[PDB]
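Q:
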Amino acid sequence: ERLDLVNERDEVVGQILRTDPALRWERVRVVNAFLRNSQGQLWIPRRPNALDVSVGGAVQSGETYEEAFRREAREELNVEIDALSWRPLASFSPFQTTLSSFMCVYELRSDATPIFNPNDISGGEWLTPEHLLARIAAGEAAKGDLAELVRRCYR
Numbered sequence: 007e008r009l010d011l012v013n014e015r016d017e018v019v020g021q022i023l024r025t026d027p028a029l030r031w032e033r034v035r036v037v038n039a040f041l042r043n044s045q046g047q048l049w050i051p052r053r061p062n063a064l065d066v067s068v069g070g071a072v073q074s075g076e077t078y079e080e081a082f083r084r085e086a087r088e089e090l091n092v093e094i095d096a097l098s099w100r101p102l103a104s105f106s107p108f109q110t111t112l113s114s115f116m117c118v119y120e121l122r123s124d125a126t127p128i129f130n131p132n133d134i135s136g137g138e139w140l141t142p143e144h145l146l147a148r149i150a151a152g153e154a155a156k157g158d159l160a161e162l163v164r165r166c167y168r
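Here is the structure:
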């Protein structure tokens, strides 16, 4: 429930409670990841009726980006990142883009559909970035940074 506070250089300068009313997302770190198969499709869950990244969540105080990634992947998708191929896709700053927080975006490789945790995900589907962006453009519900992450990370 506690998060690290970071400056413009993504350097830790303090801590804050996740539920603190003074919380500012541009002052904290999150992780986001996309699961992509050999068909070039991304597994997009519905989180729960809005489209979202395959795996995503805030980095806990004292935690590194990779550790947060491993944690969210297992709690949301029941996936062990160490059991699959993955890599840092990109890193972004909230002041250099229109993304909400400082973040590291990863890409997980797998052709298997995840045995996701139903508590936060109602279902998911393999979608091409083109079709996904089209739905967002149409007005279908989606996390605020999903479209930008897809565009910045994939062409």
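FYI, the numbering for the sequence shown is 7 to 53, 61 to 168, going by full-length UniProt numbering. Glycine included, C-beta positions come from ideal geometry on N, C-alpha and C.
#1: If distances are taken between C-alpha atoms only, which option among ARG83, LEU140, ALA71 comes closest to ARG33?
#2: If I follow the unbroken alpha helix (DSSP H) through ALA96, where does it start and stop?
#3: Determine the DSSP secondary structure at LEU146, reduced to helix, strand or coil.
#4: Do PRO61 and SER135 have their C-beta atoms closer together than 7 Å?
#5: To the nearest angstrom, how far is the alpha carbon of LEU90 from that of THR126?
#6: Just checking my contact of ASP65 with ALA155 at CB under 8 Å: how many whole Å lie between their CB atoms?
#7: Determine the direct distance from the alpha carbon of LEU29 to that of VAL19, and round the result to whole angstroms.
#8: Could you pull the DSSP bridge partners for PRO51 from this structure?
#9: For the alpha helix (DSSP H) that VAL163 lies in, which residues bound it at each end?
#10: What is the DSSP secondary structure of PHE129, counted as helix, strand or coil?
#11: Would you verify that the beta carbon of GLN109 is, or is not, closer than 7 Å to some beta carbon of chain B?
#12: Give me the DSSP bridge partner(s) of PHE115.
#13: So, is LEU121 buried or exposed, given that buried needs 16 or more other C-beta atoms within 10 angstroms?
#14: Since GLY137 and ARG52 are thought to touch, with beta carbons under 8 Å apart, how far apart are those beta carbons, to the nearest angstrom?
#15: Return the CA-CA distance between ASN13 and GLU153, expressed in angstroms with no decimal places.
A: On the basis of the coordinates in this document:
#1: Answer by Cα proximity: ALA71.
#2: From DSSP, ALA96 is part of no alpha helix (DSSP H); its letter is neither H nor E.
#3: helix
#4: yes
#5: 9 Å
#6: Contact flag correct, Cβ pair sits at about 7 Å.
#7: Their Cα atoms are separated by approximately 14 Å.
#8: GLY137
#9: 159–166
#10: coil
#11: In the structure shown, chain B does not exist; there is a single protein chain.
#12: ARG35
#13: Buried is the call here.
#14: 6 Å
#15: The straight-line gap from Cα to Cα measures roughly 34 Å.
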